[PDB]
Asks: 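Supplied in structure tokens, the structure appears directly below.
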There are 4 protein chains.
Amino acid sequence: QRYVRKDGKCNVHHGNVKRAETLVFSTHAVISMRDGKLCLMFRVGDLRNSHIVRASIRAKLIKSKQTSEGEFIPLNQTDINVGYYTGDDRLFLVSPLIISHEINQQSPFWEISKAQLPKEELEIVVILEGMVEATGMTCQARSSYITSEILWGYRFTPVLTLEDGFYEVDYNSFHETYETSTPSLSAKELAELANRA
Amino acid sequence: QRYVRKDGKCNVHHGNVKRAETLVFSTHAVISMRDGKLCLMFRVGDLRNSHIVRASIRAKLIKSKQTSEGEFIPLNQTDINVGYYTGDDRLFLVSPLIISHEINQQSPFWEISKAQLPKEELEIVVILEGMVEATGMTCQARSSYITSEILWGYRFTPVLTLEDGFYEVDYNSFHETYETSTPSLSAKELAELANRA
Amino acid sequence: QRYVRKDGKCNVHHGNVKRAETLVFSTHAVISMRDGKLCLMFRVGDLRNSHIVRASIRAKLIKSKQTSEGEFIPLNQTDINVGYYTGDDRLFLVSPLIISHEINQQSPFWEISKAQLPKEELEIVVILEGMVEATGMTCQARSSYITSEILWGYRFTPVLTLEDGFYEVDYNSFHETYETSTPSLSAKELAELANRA
Amino acid sequence: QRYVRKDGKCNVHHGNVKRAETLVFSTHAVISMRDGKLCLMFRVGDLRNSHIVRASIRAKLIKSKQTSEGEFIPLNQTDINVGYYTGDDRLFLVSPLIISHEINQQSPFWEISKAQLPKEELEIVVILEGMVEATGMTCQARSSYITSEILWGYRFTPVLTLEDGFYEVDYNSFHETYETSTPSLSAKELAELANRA
Ligand SMILES: [Mg+2]
């Protein structure tokens with residue numbers, strides 16, 4: 001049962017679809033484990049009634065900082081890895097996608113535990129760029145996740161199923177998350193413990 | 001006998017050319033050895049009566065997976081390497097090109113043998129992006145290869161020859177493949193065996 | 001107090017705003033320490049009355065050189081790293097940003113000390129590229145810093161504060177710098193000394 | 001004496017300027033030493049009466065090959081490194097630039113000596129892409145160097161001088177080359193010999 005037909009069209013139905021511009025980014029982001037790595041995740045959706053093409057996702061952490069020399073930098077900006085090194089930030093965006101940032105040694109979240117998170121003053125800006133297919137007109141969409149909108153120990157509720165030849169997207173579940181057993185340690189300490197043996 | 005003239009034009013004739021939109025991607029993909037590496041290959045063609053410019057190729061594996069923590073991800077998407085790291089995904093596309101994905105340790109096909117392949121539930125989406133030369137208008141074309149459309153132990157029939165000052169493309173051979181002696185081991189086991197001595 | 005609203009708009013006020021085209025690049029660049037690394041920095045601003053989108057920054061060192069084989073290359077051009085490897089050269093440009101080039105072993109400034117700098121015959125060209133949001137029309141802006149416009153031992157005066165729900169930009173401070181305690185050694189010798197113990 | 005003014009304009013005069021479209025690529029390419037590395041070089045020029053913006057250069061080697069398994073690939077295409085890894089392929093193109101490909105272990109020219117070169121059946125396609133500044137209209141220009149158009153032991157004659165506040169480009173020298181003392185060994189053997197001691 002193919003997703004993409006030989007003629008370039010998709011066997012996808014967008015069901016239970018709400019203002020279009022509220023189905024671009026999930027209201028919340030989540031942190032939980034995937035294949036042994038702690039990941040920060042958010043969901044992104046296509047434009048309704050118009051497919052987005054040449055799509056790419058980027059993310060910036062905005063967070064005040066002070067250098068060791070004492071320079072205060074208000075709302076310092078730094079790039080959050082969501083696939084730039086591998087080309088995974090170039091999206092094939094038909095049905096909604098969970099974008100995943102692996103919290104590793106290069107992530108600004110490396111040292112942040114479940115207990116520490118709500119004490120942080122931070123904001124993740126997410127930026128989706130691309131082009132309207134039918135128009136060749138460029139577009140950008142943006143949103144953000146402040147500290148309280150990042151849910152530790154949660155995954156996204158899946159939205160995609162296969163029904164009678166159509167891959168069905170239930171947009172009623174676009175924004176929904178559920179709790180799952182998750183460590184409360186920071187990624188750094190989780191790794192250190194795995195490395196012991 | 002040059003392919004590209006000093007004036008920027010090409011000495012190429014597009015022969016035996018069929019609906020234009022059926023000569024963008026080969027109907028099938030193939031797996032066989034090239035210079036000691038197992039490769040997954042598909043063929044791509046230019047637009048007829050209009051040269052494509054700023055051309056680039058990308059490929060995504062669509063395949064359901066479950067994380068070790070038990071999260072089911074329907075039709076999980078991951079990028080397949082077709083030249084991003086070297087710039088080889090930026091095409092000079094006049095006569096048809098065989099795009100090659102080397103099956104190495106980072107390839108999602110690394111552990112898949114000839115016997116295992118038909119048991120896999122997967123789909124490779126291929127995406128060609130660029131711009132119509134005469135119009136400066138952007139374009140995208142897409143297709144896909146499901147499991148049964150990937151032929152293990154085959155190469156593409158060449159289409160290009162030199163005839164009286166013209167490089168001749170025989171589009172009668174665009175889609176044709178032929179069988180060739182190929183190992184049935186997975187790339188992983190082929191490598192392990194080469195590494196022994 | 002969020003910078004970016006869920007609706008994609010920003011809580012930023014551009015205050016005390018002067019010809020728009022004089023608030024694109026700081027008149028001067030500076031060199032000083034950040035978290036133990038010597039950095040060359042310059043400030044960039046958005047377009048007034050029109051937000052710039054898909055923004056990116058690049059920088060070129062223009063400087064005559066002679067190869068060891070004796071070839072003189074007038075105004076040889078080489079790229080200066082301002083984020084290409086990490087994606088940090090892709091800007092989210094609303095309030096003004098300090099662009100930072102870390103002076104490391106790959107920087108053309110690696111061996112240049114405070115005393116040597118004014119003896120150098122060089123020019124840093126800075127190039128901001130992007131697209132006007134409301135128009136989808138592309139744009140480029142350029143400027144440069146000759147030797148005397150690079151200030152060793154200085155930082156930029158911050159411009160951003162939080163006032164009554166708005167992040168306030170004081171463009172009166174866009175161009176201003178202040179002196180700060182800074183080593184006069186070249187980055188190379190600073191590193192060598194840190195490496196001793 | 002600055003090249004780029006604070007207002008973004010350049011202090012460059014394009015002198016002794018011929019059909020515009022013949023001053024895009026040098027008729028020939030050259031091979032000679034630069035700072036101990038053997039380099040393949042060609043010259044590129046801006047469009048006359050219209051500055052090119054967002055400019056980038058790429059290069060492809062076209063050369064038939066046979067795999068060790070016996071597959072013949074007519075006019076196989078592979079990317080030639082002219083700055084992709086560092087961003088040096090993104091040009092600031094006002095006065096003509098010498099594009100340099102370092103012949104290292106990853107270059108398809110690594111094993112080719114002065115005596116071997118004329119025996120090779122090959123063609124380097126060069127592709128300049130960008131946008132007309134005044135129009136925001138995209139453009140591409142292409143040319144190529146066959147075997148006999150690659151001159152071993154030559155450099156380009158410089159074109160740029162400083163005269164009364166203007167950097168002067170002498171387009172009479174755009175295409176001219178001169179002979180210089182150069183090793184005749186392949187880059188590979190040159191390196192091996194340097195490595196001995
Ligand atoms: Mg890149």
Side-chain angles (χ1 to χ4, degrees), chain A residues 19 21-22 24-28 54 56-85 89 106 108 121-132 135-149 175, chain C residues 1-12 30 32-39 41 51-56 83-100 130-133 135-138 155-162 167-169 178 180-183:
Chain A
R19 315 291 299 100
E21 255 86 56
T22 61
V24 183
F25 300 102
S26 56
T27 52
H28 296 247
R54 295 159 189 258
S56 68
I57 184 69
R58 22 186 284 251
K60 300 300 194 180
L61 171 66
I62 295 181
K63 171 176 161 47
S64 292
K65 74 162 308 190
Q66 195 165 237
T67 63
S68 55
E69 299 84 3
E71 185 187 12
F72 182 73
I73 308 163
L75 301 197
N76 183 54
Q77 269 198 224
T78 54
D79 197 272
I80 296 170
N81 188 352
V82 288
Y84 184 68
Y85 295 123
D89 59 341
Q106 295 73 49
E121 204 149 301
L122 58 78
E123 184 174 340
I124 300 159
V125 180
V126 294
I127 302 180
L128 176 70
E129 309 187 340
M131 292 174 181
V132 181
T135 278
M137 220 52 44
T138 59
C139 61
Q140 187 185 100
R142 304 175 311 260
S143 187
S144 87
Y145 305 99
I146 56 177
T147 311
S148 57
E149 297 171 343
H175 293 290
Chain C
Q1 168 57 58
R2 72 199 308 143
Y3 190 92
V4 175
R5 303 211 292 270
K6 290 300 191 176
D7 67 354
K9 312 212 214 330
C10 289
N11 296 321
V12 177
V30 303
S32 54
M33 294 291 276
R34 280 192 167 180
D35 291 322
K37 309 308 199 328
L38 198 64
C39 300
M41 294 171 280
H51 177 60
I52 296 311
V53 118
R54 295 159 189 258
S56 68
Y84 184 68
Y85 295 123
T86 57
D88 281 281
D89 59 341
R90 308 169 307 170
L91 303 188
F92 178 51
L93 220 205
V94 183
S95 53
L97 298 173
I98 298 163
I99 304 309
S100 185
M131 292 174 181
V132 181
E133 190 171 23
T135 278
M137 220 52 44
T138 59
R155 298 164 178 168
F156 286 97
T157 302
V159 296
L160 196 70
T161 50
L162 173 51
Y167 285 101
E168 201 84 64
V169 185
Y178 64 96
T180 197
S181 178
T182 307

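Chain letters run A, B, ... following the sequence lines, proteins first and then strands; every chain starts at 1. The analysis underlying the following values was restricted to heavy atoms, covering all of them including side chains, and did not include hydrogens, waters or symmetry mates.
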Asks: Which bit of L162(C) comes within less than 4.5 Å of chain A, counting heavy atoms only: side chain, backbone, both or neither?
Replies: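 Answer is neither: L162(C) stays 4.5 Å or more from chain A.
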Asks: Do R142(A) and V94(C) have side chains that approach each other closer than 4.5 Å (heavy atoms only, starting at C-beta)?
Replies: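 The answer is no; the side chains never approach within 4.5 Å.
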Asks: So do the side chains of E149(A) and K6(C) get within less than 4.5 Å of each other, counting heavy atoms only?
Replies: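 Yes - at least one pair of side-chain heavy atoms lies under 4.5 Å apart.
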Asks: For a quick test of reading the model, state the closest non-hydrogen atom pair linking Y85(C) to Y84(A) and the distance between them.
Replies: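 Looks like O-CE2, 3.6 Å.
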Asks: For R155(C), is there any backbone N or O sitting under 3.5 Å from a side-chain donor or acceptor partner on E71(A)?
Replies: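 No: the side chain of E71(A) does not pair with the backbone of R155(C).
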Asks: Would you confirm whether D35(C), through its side chain, and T67(A), through its main-chain N or O, come within 3.5 Å as a donor-acceptor pair?
Replies: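 Checked: no pair found.
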Asks: Check each atom of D89(A) against the heavy atoms of chain C and say whether the ones under 4.5 Å are side chain, backbone, both or neither.
Replies: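 Only the side chain of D89(A) comes within 4.5 Å of chain C.
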Asks: Would you say that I73(A) contacts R34(C) through its side chain, given a criterion of any heavy-atom pair below 4.5 Å between the two side chains?
Replies: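 Of all side-chain heavy-atom pairs linking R34(C) with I73(A), at least one is under 4.5 Å.
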Asks: Of all the heavy-atom pairs spanning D88(C) and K60(A), show the shortest one and how long it is.
Replies: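 Residues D88(C) and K60(A), closest heavy atoms: CA-NZ, 4.1 Å.
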Asks: If every non-hydrogen atom of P74(A) is compared with every non-hydrogen atom of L160(C), which pair is closest and at what distance?
Replies: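 Nearest pair, atom of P74(A) first, then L160(C): CG-O, 3.8 Å.
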Asks: At a 4.5 Å cut-off on heavy atoms, which part of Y167(C) comes close to chain A: side chain, backbone, both, or neither?
Replies: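 Looking at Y167(C), just its side chain touches chain A.
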Asks: Decide yes or no for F92(C) and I127(A): does some side-chain heavy atom of the first lie under 4.5 Å from some side-chain heavy atom of the second?
Replies: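 Side-chain contact under 4.5 Å: yes.
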Asks: Report yes if the side chains of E69(A) and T180(C) come closer than 4.5 Å at any heavy-atom pair, otherwise no.
Replies: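 No, side chains not in contact.
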Asks: Is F25(A) close to chain C through its backbone or its side chain, or both, or neither, when contacts mean heavy atoms under 4.5 Å?
Replies: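 It is neither, since no heavy atom gets under 4.5 Å.
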Asks: Ignoring hydrogens and angles, tell me if any N or O in the side chain of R2(C) forms a donor-acceptor pair with the backbone of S144(A) under 3.5 Å.
Replies: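 Confirmed, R2(C) side chain pairs with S144(A) backbone.
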Asks: Between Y3(C) and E123(A), what is the shortest heavy-atom contact and its length?
Replies: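 Looks like N-OE1, 2.9 Å.
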Asks: Using a cut-off of under 4.5 Å for heavy-atom pairs, which of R58(A), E21(A), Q106(A) has the most such pairs with chain C?
Replies: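 Of the candidates given, the most pairs with chain C belong to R58(A).
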